[PDB]
Amino acid sequence: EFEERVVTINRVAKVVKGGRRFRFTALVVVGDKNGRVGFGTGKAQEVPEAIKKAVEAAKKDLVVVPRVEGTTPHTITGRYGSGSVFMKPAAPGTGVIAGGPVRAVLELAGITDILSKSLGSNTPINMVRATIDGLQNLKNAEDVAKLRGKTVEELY
Amino acid sequence: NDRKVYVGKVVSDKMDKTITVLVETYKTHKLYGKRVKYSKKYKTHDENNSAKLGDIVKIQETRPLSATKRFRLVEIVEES
Amino acid sequence: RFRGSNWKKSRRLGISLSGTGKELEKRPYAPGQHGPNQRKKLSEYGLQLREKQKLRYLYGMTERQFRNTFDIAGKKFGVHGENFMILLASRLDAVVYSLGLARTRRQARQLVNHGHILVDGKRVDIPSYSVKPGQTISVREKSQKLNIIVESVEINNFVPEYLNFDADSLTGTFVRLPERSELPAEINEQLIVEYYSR
Amino acid sequence: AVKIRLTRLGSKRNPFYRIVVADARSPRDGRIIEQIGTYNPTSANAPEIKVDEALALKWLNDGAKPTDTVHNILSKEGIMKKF
Amino acid sequence: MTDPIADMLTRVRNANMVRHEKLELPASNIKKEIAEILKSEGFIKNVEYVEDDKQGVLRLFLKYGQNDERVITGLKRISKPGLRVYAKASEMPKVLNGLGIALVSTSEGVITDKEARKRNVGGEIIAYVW
Amino acid sequence: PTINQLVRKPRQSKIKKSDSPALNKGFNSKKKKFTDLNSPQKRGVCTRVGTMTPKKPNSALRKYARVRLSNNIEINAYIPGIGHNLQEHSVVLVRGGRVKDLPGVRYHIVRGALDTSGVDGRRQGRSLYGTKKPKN
RNA sequence: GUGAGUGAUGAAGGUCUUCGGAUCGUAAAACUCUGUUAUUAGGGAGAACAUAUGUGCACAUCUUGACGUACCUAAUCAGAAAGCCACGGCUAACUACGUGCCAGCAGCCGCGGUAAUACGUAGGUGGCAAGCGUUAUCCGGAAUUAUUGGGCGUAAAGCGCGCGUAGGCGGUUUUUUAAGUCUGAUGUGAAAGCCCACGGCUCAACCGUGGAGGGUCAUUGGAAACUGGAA
RNA sequence: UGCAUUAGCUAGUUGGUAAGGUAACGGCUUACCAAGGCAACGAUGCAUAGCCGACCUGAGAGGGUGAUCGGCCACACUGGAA
Ligand SMILES: [Mg+2]
Ligand SMILES: [Mg+2]
Ligand SMILES: [Mg+2]
Ligand SMILES: [Mg+2]
Ligand SMILES: [Mg+2]
Ligand SMILES: [Mg+2]
Ligand SMILES: [Mg+2]
């Protein structure tokens, strides 16, 4: 139905009067394989259900990724904070070329053919937001003709 | 098969045919793509044809017949 | 050869993969000395080592050839993860384990050394060829039958498609490079399409 | 001085030959004036005669020489007595 | 002022964030084709042209989308004072898989990459708009 | 920076500080000059052994030497091994790579090297620090 | 290719053991299977071209082997496909024993102060392949020299602030030019090599064939929107 | 190719007319006549390096090499002159 992949976990502390106390955070990404992707962040005193605490926080907002037929339409560099990604379309039989986190938002998406490379930073909380920003900045090849007022043939 | 045909100004002249020919030219830099300009100071000989401060005239290369001058033309158009 | 115990690496990986099964008559829990314990996780290093290493013990070639057959697979046209599966079957040892000669590739991949190793001409005493469409792997002229090849020719039948052999000659010039459907099924092509690429 | 090349190209233990306008003092793989064809000296070739000699017609018509006992390939051609 | 048309064409973005429909320009002869190959390609509702004295007025009357989406969504000057570029007609680049439309001063005036193939000419490609 | 100050003073790559600085060079016998070689290993004879103690997070005490190589570039190189050798005036074959936490050694001694073939009471090291008698 | 179809927990003996049982392990025997190595064989690919006579320098027809292992065929042996390195995470590879901040590992963070999966062995496992691993030099990863493709408030980074020549860049329009610009007709950037196609080498390593394809250039044709150049 | 922590070099040195001499023009050599010529578009000085079609790396831009195999120099104990 929907697929839910953990990208990473982290053991996060806080100092109080006695010894410091721990809690686990775990951001997770939820893909739907037709090109609709959300993600969420978990924060609880346990591994195996703070995941679920994030997963229920991920479906509450999604993005509608522009599938061109097995690919992405054009070239984009979505950045957010110091981290950045370099997205680039490719041939229909290529595989996906990505780093660690930025294939967990592409194969969990429905694109399957992108050349890409991370740039700038590499902490996994800033990769994914800039990638989602990059996918929001992408447009279809027909609504550009809609706001343009042209037809599809008139652009080429 | 012909000679060279370079044109350009002069700096000055002294006694005995010291017709030095300043030539200006453009080139790209090899990497940065800027249009950098540079010159080259040439030499040719004649009787009394030129003078200081502006004697732009074509020259044409020939057999050397000097120690540095290798152009045999002082065919004049523009001057002071 | 491997010079090892292929029924001791048929449970260290997941599969015997050369027959039907040789793991139900043994402890199929784990390989050894830690079988009375759990199972761990799997990374993308688990993808590369489990899948490349679970496919190397099915075509017994050692490494430094795996890259050579990997770009030898690559230097062609099509999808790469399909084309490595297109050039997975041109080896005459594969046609000596797949045209019903013998089961295990220790004897069946020894079918160049003593048997019907002629292929449309002279003998081919190696572990493969570039056996393209339209070429017969016939029998040896002085002996069209070895010990094991004709004595166990009547033991099995109903062989694979994209091959049409006969009796009494053990020869096939059948079709072509086969389909991507008929292949070893239990592998994932994209989990090994970047594993030797990274 | 101008001659015709018979050099030792090809895989070793298989001495091939390439036919080109050479000189008497420059070595085998040395400086080459112009090409004059080749020949399959492999002794396992049916079709072999590779001399498109219209680009080699200027050699013997301007002062060439025969090359170093290659004369039976000069026998399978016929370019003489035309003048 | 250092560049005659960068100061023009970067009033467009600053008059594209805050959603105006007015922008007044120091007009030229150059820009009276620039803002019409953006009128030919939808990015402007209606430019009239310079209609006053002493090289004066020029107004543009921009175009926004249906639910107040900005339409011109990307803008770039590339061939600059201090660094020209000159792209020959063989390696003429498309803009965003050909969606955006660059523009080029060539031997037949200012044309675009729509027109860089029927003429097979090249020139100083100066912008990219998307 | 802008282009005019970038075609004027161009870019200039970073220096390459190199590991094993006390090597790559052969000081000649006749001509009496330093050279450049980029050599993997060099000979040398030994002077001291000693052992200094402190390695502040590591805290054990280990030995060293002061070999000096062909044409006298004196050095401190670390001896791998639970045992050792018994030889002053050695013919070592040194090796690069810095054993850390000792301030002042960047070099090994390959065990064997026609002076001492290592330690006899080690079996499954079998190439490191000089063993033998395996038929695996 | 130093072995092959079998072959009941399959074992005497190694290790785990709380031992009841998994493991080496279908490993092994002992059947059944094979010539690659070993005694003999005919062992004869590159291997051509003339100082002649008949016709009028051209044709046909008689003249030349150092390595002599190769290709060959045919009985048919079990002659060592072994040893390297690791096993906590980067990065697949786990248990016991002596050892107790010692002797010792170390690419990096770091492991041992008495029960170390990081020391030394043992067993097992993982990767290898006639080798494995180590030290040394270069490139990428490195956008850590950033023209594509970075920055200068507090993180490294704004001259203490003027006036200024050499150099760099420039408003608006109309004319002509043609240096930069755009374009196409040539001469050229040899061959061997890289990129694909093809023949041959038992396939492979390797060879020959026609093309990209050989950069700033060379001379004239040509277009004149922008940068020069001049009124 | 690197050094501005190398900023003033050059005196038949740069031109003219001869006289010769070389396969061949010429400050190549001498007779005078004179004043030049070079340079922040890095001259001179020291240090290191035989160049190139190529080879290794790189997605590309670039970066690093020069023994194999070919093009072209320079050199044969060290210096000169036929
Ligand atoms: Mg290991
Ligand atoms: Mg150890
Ligand atoms: Mg920075
Ligand atoms: Mg001022
Ligand atoms: Mg000024
Ligand atoms: Mg032509
Ligand atoms: Mg040598």
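All residue numbers given refer to positions from 1 along each chain's written sequence rather than to the entry's numbering, and residues for which no coordinates exist are omitted. Written order decides the labels, with chains lettered from A and ligands numbered from 1. This view covers only part of a larger assembly, and the values given relate to that part. The basis for every side-chain value is the complete set of non-hydrogen atoms in the structure, without hydrogens or water. Residues with missing side-chain atoms are left out of burial classes, side-chain pairs and their counts.

The name recorded for chain E in the PDB entry is 30S ribosomal protein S8, from Staphylococcus aureus. What the UniProt record of chain E gives under Function is the line "One of the primary rRNA binding proteins, it binds directly to 16S rRNA central domain where it helps coordinate assembly of the platform of the 30S subunit." Recorded under Sequence similarities, the UniProt text for chain E is reproduced unchanged: "Belongs to the universal ribosomal protein uS8 family." UniProt positions are given in the numbering used here, feature names are shortened, and annotations may be inferred rather than shown by experiment.

Chain D is annotated in the PDB entry as 30S ribosomal protein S16 from Staphylococcus aureus. Annotation of chain D in UniProt includes, under Sequence similarities, the sentence "Belongs to the bacterial ribosomal protein bS16 family."

Trainee: So what exactly am I meant to see when it comes to the pattern of salt bridges here?
Mentor: Pairing is possible between side chains that carry opposite charge, provided their charged atoms lie close to one another. Across the pair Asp32(A) and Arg36(A) runs a salt bridge whose closest N-O atoms are separated by 3.9 Å. The rule for a salt bridge is simple: a side-chain nitrogen of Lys or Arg has to be within 4 Å of a carboxyl oxygen of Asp or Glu. Residues joined in a network through salt bridges with shared partners are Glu3(A), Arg5(A) and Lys33(A).

Trainee: Can you walk me through the interface of chain E and chain A in this structure?
Mentor: Size of an interface, as often reported, equals the accessible area lost when the parts are brought together. Contact residues are listed per partner, giving 12 residues for chain E and 7 residues for chain A. A class-by-class count of the residues in the side of chain E that touches chain A yields 4 nonpolar, 6 polar and 2 charged. In what follows, a contact means two residues having at least one pair of non-hydrogen atoms within 4.5 Å. When residues are sorted by character, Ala, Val, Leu, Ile, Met, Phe, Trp, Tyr, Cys and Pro go into the nonpolar class, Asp, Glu, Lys and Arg into the charged class, and all the rest, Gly among them, into the polar class.

Trainee: Can you help me understand the packing of aromatic side chains in this one?
Mentor: What characterises a pair of aromatic rings is the spacing of the ring centres plus the angle enclosed by the ring planes. For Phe, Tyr and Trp, rings pair up if their centres lie within 6.5 Å, where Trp contributes its six-membered ring, and each pair is then called stacked (planes under 30 degrees apart), edge-to-face (over 60) or tilted (otherwise). Taken together, a centroid distance of 6.1 Å and an interplanar angle of 55° make the contact between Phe70(C) and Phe84(C) tilted. You can see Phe70(C) sitting in helix α2 (residues 66–74) and its partner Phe84(C) sitting in the loop between α3 (80–83) and α4 (95–98), a full 14 residues away along the chain. Residues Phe27(F) and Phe34(F) carry aromatic rings whose centres are separated by 5.3 Å and whose planes lie at 75° to one another, so their mutual orientation is edge-to-face. Over a ring means this: the NZ of a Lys or the CZ of an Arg is within 6 Å of the ring centre and within 35 degrees of the ring normal. A cation sits over an aromatic face here: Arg11(A) above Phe22(A), 4.6 Å from the ring centre. The helix count covers DSSP runs of H or I at least four residues long, the strand count covers runs of E at least two residues long, and both are numbered beginning at the N terminus.

Trainee: When you look at the sheet that holds strand β4 (residues 123–129) of chain E in this model, what are you seeing that I'm missing?
Mentor: Where strands meet in a sheet, backbone hydrogen bonds hold them as pairs that are either parallel or antiparallel. All names here are of chain E. Read across the open sheet, the 4 strands follow the order β1-β4-β2-β3; overall the sheet is antiparallel. The outermost strands of the open sheet, each flanked by one partner alone, are β1 (75–77) and β3 (109–112). Between one strand axis and the next, the sheet turns through 25° on average, direction left out of account. As paired elements, strand β2 (residues 103–106) and β4 share 4 bridges and run antiparallel to each other. Residue pairing in the sheet places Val104 in a bridge with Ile125 of β4. If DSSP finds at least two bridges between two strands, the strands pair. Convention adopted: a line fitted to C-alpha atoms gives each axis, helices being fitted over their contacting stretch, and angles between N-to-C directions are expressed from 0 to 180 degrees.

Trainee: Please clarify how the sheet that holds strand β3 (residues 34–39) of chain D should be interpreted in this entry.
Mentor: All names here are of chain D. Across the sheet, which stays open at both edges, the 4 strands sit in the order β1-β2-β3-β4 with antiparallel pairing between neighbours. Whereas interior strands pair on both sides, the edge strands pair on one side only; in this sheet they are β1 (2–4) and β4 (49–50). Here β1 runs beside strand β2 (residues 18–23); their pairing, made up of 3 bridges, is antiparallel. Bridging across to β2, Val2 finds its partner in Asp23.

Trainee: I tried to follow the pairing of strand β2 (residues 10–14) of chain A on my own but got confused; where do I start?
Mentor: For a regular strand, the rule is simple: side chains alternate between the two faces of the sheet. All names here are of chain A. Here β2 pairs with strand β3 (residues 21–31) via 5 bridges, running antiparallel. Bridged to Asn10 within β3 is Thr25. In this structure, the hairpin formed by β2 and β3 is closed by a connection of 6 residues.

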